[PDB]
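Ideal geometry is used to build each Cβ from the backbone, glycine not excepted, and the neighbour counts take in all protein chains shown. The values are calculated or read from the model by the stated rules, or taken from the named source; no laboratory instrument gave them.
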Amino acid sequence: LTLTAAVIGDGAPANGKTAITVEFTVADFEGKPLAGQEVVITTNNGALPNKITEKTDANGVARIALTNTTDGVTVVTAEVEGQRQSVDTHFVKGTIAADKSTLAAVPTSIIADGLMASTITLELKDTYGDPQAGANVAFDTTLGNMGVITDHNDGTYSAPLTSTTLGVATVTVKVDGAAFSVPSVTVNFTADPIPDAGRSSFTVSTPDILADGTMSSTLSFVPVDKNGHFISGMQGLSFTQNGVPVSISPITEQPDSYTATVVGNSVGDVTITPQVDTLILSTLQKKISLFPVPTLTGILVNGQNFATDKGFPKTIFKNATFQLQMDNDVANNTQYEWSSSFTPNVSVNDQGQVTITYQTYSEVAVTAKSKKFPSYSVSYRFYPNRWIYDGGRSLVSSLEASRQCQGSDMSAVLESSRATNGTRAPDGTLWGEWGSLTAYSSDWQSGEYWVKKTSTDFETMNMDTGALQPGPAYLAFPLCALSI
């Protein structure tokens, strides 16, 4: 009898799933099909199944469906009562397809530890969508250290990726030395979010500030991890404060630090320390000292102490002098640099001692500049309107005094209304503001001095008592005043 074969579906992928079929038909010497005939069919090259035995159907056919994970030529042979027939079948290796493959990084964010690793996984598939193992694969990264590629013999390949440097890595693939276009993946190599007290630092621009609620000190926090990495995108960062109440501005992240400013309205100390949620870097704490604002507390004039908002002095004369007082004690004056805006007419020494030497003609200012905080200074302003001086030391008549004090159009015997008021005070009068002139120089003696009520009516004033008295016009000292 005869044994003829027909191959159906040849050239199947060598995926061990798709099958090639072979139909053997057994016929008699004449050409008719024989049924119920026993047929043994065998395959080679590792194909499955290897051997099958069966009977021919009514059309005298006995078939086999075979698969193979091994490409190349698979021979299938049938044997029946001596007769033997063979045919070659072909299994083709798959063709790797980038559009059917995948690449992933997990996790996608890693600490630039040099140890923590992202596992890069490639799912290598072919054109038919089948997995391809044993391929020569390599991963490439723009940054970091790619580990060793392990073929999981299932179609997937993996390798650990680490980095000691900060940055973003792009991983790509290469099969058989050539680039394989599966979409690249990224891996952000970041810093440990936990600051290392030792490498991190905390700085204040200035340790001492004025308690005016305006002068500020800048806080600069630089958090570095245990690897020496600067830590960015920090959440839960704050600046604690211990001491006098202070105002800390919101914090601003920079590319290399975290800053903020602080001002305060209460005198005292305060230690500011960085805290990153749960962690308080106490070894970084810094102190800021808020000082009292320099302030003019009074004017010391020949035994008195006048307030600063009275306009003193309205009158002046050669050698007149007073001591401005800073912060309730003149001992504090050496903490400032003293200067006058109109010299030498108005002089000031290092003790805040102001002494008049010549007349003024406009407003004048004596300024005290803080040595500690140079940007701060306080000034005492005044604008005298009377310049007093003598018209002789000898005792003269009122007519004499009158002429002697009229050396200028703006000269005349001092008006009594401006000479005194009885007591000492910043009332704009000569005696009221300065007291007895005898206390300033040797040009003024104790005694009666002529003062003026009207052009013809002269009065007299006691220099030591500041007392006015209208009546006995004998002789008296000429008291001149130049309006200025």
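Name the residues in the range 233-259 that are on the phi < 0 side of the Ramachandran plot and in a strand (DSSP E or B), would you?
Hits for the range 233-259 are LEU237, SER238, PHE239, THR240, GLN241, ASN242, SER247, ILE248, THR252, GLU253, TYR258, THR259.
Mind listing whichever residues of the range 45-55 are assigned to a loop (DSSP other than H, G, I, E, B) and surrounded by 13 or more Cβ atoms within 10 Å (Cβ to Cβ)? So that I can check it myself, show each step before the final result.
As a first pass, look at the range 45-55 and keep what is assigned to a loop (DSSP other than H, G, I, E, B): 45-47, 49-50.
Selection gives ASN45, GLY46, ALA47.
Yes or no, residue by residue, for (1) over 60 Å from the mean Cα position of the chain (by Cα); (2) surrounded by 12 or more Cβ atoms within 10 Å (Cβ to Cβ); (3) under 29 Å from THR156 (Cβ atoms):
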| site | (1), (2), (3) |
| --- | --- |
| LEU34 | yes, yes, no |
| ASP57 | yes, yes, no |
| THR67 | yes, yes, yes |
| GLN85 | yes, yes, no |
| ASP99 | no, no, yes |
| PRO107 | no, no, yes |
| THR119 | no, yes, yes |
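It is to be established whether one or more residues within the range 186-203 are of a type outside the set (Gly, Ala, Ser) and under 30 Å from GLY352 (Cβ atoms).
Of the range 186-203, the ones of a type outside the set (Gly, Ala, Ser) are 186-190, 192-196, 199, 202-203.
Now restrict to residues that are under 30 Å from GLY352 (Cβ atoms): none.
No, the range 186-203 contains no residue that is of a type outside the set (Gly, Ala, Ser) and under 30 Å from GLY352 (Cβ atoms).
Within the range 79-96, identify whether any single residue is under 30 Å from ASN188 (Cα atoms) and among the aliphatic types (A, V, I, L, M), and answer yes or no.
Our first condition is that a residue be under 30 Å from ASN188 (Cα atoms); within the range 79-96, this holds for 96.
Those still in the list that are among the aliphatic types (A, V, I, L, M) too: 96.
Yes - at least one qualifying residue is present in the range 79-96.
Out of all the residues in the range 23-45, is one or more touching a residue at least 12 places away in the same chain (Cβ under 8 Å), aliphatic (A, V, I, L, M) and closer than 30 Å to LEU124 by Cβ?
Looking for residues that are touching a residue at least 12 places away in the same chain (Cβ under 8 Å), aliphatic (A, V, I, L, M) and closer than 30 Å to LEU124 by Cβ, one finds none in the range 23-45, hence no.
What residue, among those in the range 170-188 that are of a type in the set (A, V, I, L, M, F, W, C) and out of contact with any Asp or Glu (no Cβ under 9 Å at 6 or more places or on another chain), is surrounded by the fewest Cβ atoms within 10 Å (Cβ to Cβ)?
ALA178
Any chance the range 87-96 includes a residue that's farther than 30 Å from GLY177 by Cβ and of a type outside the set (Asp, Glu)?
Narrowing the range 87-96 to residues farther than 30 Å from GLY177 by Cβ: 87-89.
From what is left, the residues that are of a type outside the set (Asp, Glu) are 87, 89.
Yes, the conditions are met somewhere in the range 87-96.
Filter the range 200-209 for residues that are surrounded by 16 or more Cβ atoms within 10 Å (Cβ to Cβ) and part of a loop (DSSP other than H, G, I, E, B) and give the result.
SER200
Only residues in the range 417-432 that are within 15 Å of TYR449 (Cβ to Cβ) count as the first member; pair them with residues that are in a helix (DSSP H, G or I) and of a type in the set (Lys, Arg), Cβ under 8 angstrom, at least 6 apart or cross-chain, and list the lot.
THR429/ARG418; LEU430/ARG418
Regarding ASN319, is this residue surrounded by fewer than 21 Cβ atoms within 10 Å (Cβ to Cβ), among the polar types (S, T, N, Q) and touching a residue at least 12 places away in the same chain (Cβ under 8 Å)? It would help to see each step written out before you state the result.
Numbers: surrounded by fewer than 21 Cβ atoms within 10 Å (Cβ to Cβ): yes; among the polar types (S, T, N, Q): yes; touching a residue at least 12 places away in the same chain (Cβ under 8 Å): yes.
So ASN319 fits the description; yes.
Mind counting the residues in the range 210-232 that are of a type outside the set (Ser, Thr, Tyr) and assigned to a strand (DSSP E or B)?
Of the range 210-232, the ones of a type outside the set (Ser, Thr, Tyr) are 210-213, 215, 219, 221-231.
Now narrow it down to the ones that are assigned to a strand (DSSP E or B): 210, 219, 221-222, 224, 230.
Result for the range 210-232: 6.
Test each condition in (1) touching a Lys or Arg at 6+ places or on another chain (Cβ under 8 Å); (2) under 23 Å from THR360 (Cβ atoms) for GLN445 and report the one that comes out false.
Unmet for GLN445, out of (1) touching a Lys or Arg at 6+ places or on another chain (Cβ under 8 Å); (2) under 23 Å from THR360 (Cβ atoms): (2).
Of the residues that make up the range 257-277, is at least one within 28 Å of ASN328 (Cα to Cα) and among the acidic types (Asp, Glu)?
Checked against the condition, which is being within 28 Å of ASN328 (Cα to Cα) and among the acidic types (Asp, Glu), the range 257-277 yields at least one hit.
Condition check ((1) in a loop (DSSP other than H, G, I, E, B); (2) in contact (Cβ under 8 Å) with a residue 40 or more places away in the chain; (3) touching a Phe, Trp or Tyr at 6+ places or on another chain (Cβ under 6 Å); (4) outside the structural domain of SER232 (by CATH)) across all residues:
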position	(1), (2), (3), (4)
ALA78	no, yes, yes, yes
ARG84	no, yes, no, yes
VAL87	no, yes, no, yes
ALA104	no, yes, no, yes
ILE110	no, yes, yes, yes
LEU115	yes, yes, no, yes
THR121	no, no, no, yes
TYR128	yes, yes, no, yes
